[PDB]
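Next up is one chain by itself, shown in structure tokens, the form deposited in one PDB entry.
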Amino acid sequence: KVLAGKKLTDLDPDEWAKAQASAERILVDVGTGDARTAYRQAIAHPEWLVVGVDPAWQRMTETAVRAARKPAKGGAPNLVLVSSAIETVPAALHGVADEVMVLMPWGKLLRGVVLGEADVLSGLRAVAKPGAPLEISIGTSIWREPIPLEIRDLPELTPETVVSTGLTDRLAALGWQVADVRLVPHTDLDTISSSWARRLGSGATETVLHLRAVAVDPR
């Protein structure tokens, strides 16, 4: 269920428990893209256990190959890449995260966050410790044509409509107390969507809808 280089393997429960215990912070990145962003977090913060969770595991293989190398050769032993969908988080991920990040989501994860779909929101809450922040970062260019199929029937989510669509209340009901919602124009894309296809420092920016919440009791 975790990537080891180009292959999937069974996560050793003992090693998983020891890694969590040894970490200063456990960060769960839900939706990883090619997981270069998770890798860069892990490299910057060797005391963090950085857990990337994505069902499209083959996309993450380059990151996994790089992370498996010796530290001197760019290895990141504190990066754990998990093959799983968020709506069906396995028990081994329940209540582990000090912080949950949803950066540049696509597909069901994106649609779920925008609509405040219970299975996606509950899955996110399931992996969190009480008090853990949730940070969601959505690039707003997705609402400019061509709009991706997973949101093209939905009106653009803005800070005002996060309230008026009832998303803030759906979040609270499922255990995410919203703290801040804002647009952040000219956000450096490298901070939320690094890729092995794109050189770092390109200067690429985007307006990001940023939501922060805190893990609380549901219902």
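Throughout, we count residues from 1 along the sequence that is shown.
- Coordinates for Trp16 are present in every one of the other compared entries of this protein that model residues on both sides of it, well short of the third needed to count it as often missing.
- Note: missing coordinates for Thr168 occur in none of the other compared entries bracketing this position, so the one-third threshold is not reached.
- Higher mean CA B-factor, judged across 10-18 and 207-215 from the recorded values: 10-18.
- When the C-alpha B-factors of 188-196 and 41-49 are averaged, 188-196 comes out higher.
- The top Cα temperature factor in the record, among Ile136, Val127, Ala85, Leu115, falls on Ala85.
- Taking the PDB entry at face value, the top CA B factor among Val100, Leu103, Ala91, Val96 belongs to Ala91.
- When the modelled residues of the chain are ordered by C-alpha B-factor, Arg182 sits in the lowest third.
- Annotation for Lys108: C-alpha temperature factor in the middle third relative to the rest of the modelled chain, per the entry.
- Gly166: CA B factor lies in the middle third for its chain, per the PDB record.
- Sort the modelled residues of the chain by CA B factor and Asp29 lands in the lowest third.
- When the CA B factors of the chain's modelled residues are split into thirds, the value for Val80 lands in the lowest one.
The protein also exists as the form deposited with a small molecule bound; that form is not presented, and the subsequent description refers to it.
- Looking at 176-184, 190-198, 43-51, 154-162, the stretch with residues near the small molecule in the entry with it bound, meaning non-hydrogen atoms within 4.5 angstroms, turns out to be 190-198.
- Think of it this way: in the entry with it bound, the small molecule has a heavy atom of just one of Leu79, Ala97, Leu134, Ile86 within 4.5 Å, and the residue is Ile86.
- At a distance threshold of 4.5 angstroms between non-hydrogen atoms, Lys129 is out of contact with the small molecule in the entry with it bound.
- When contacts are judged by a 4.5 Å heavy atom cut-off, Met104 counts as touching the small molecule in the entry with it bound.
- Contact check for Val30: a non-hydrogen atom falls within 4.5 Å of the small molecule in the entry with it bound.
- At a distance threshold of 4.5 angstroms between non-hydrogen atoms, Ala56 is in contact with the small molecule in the entry with it bound.
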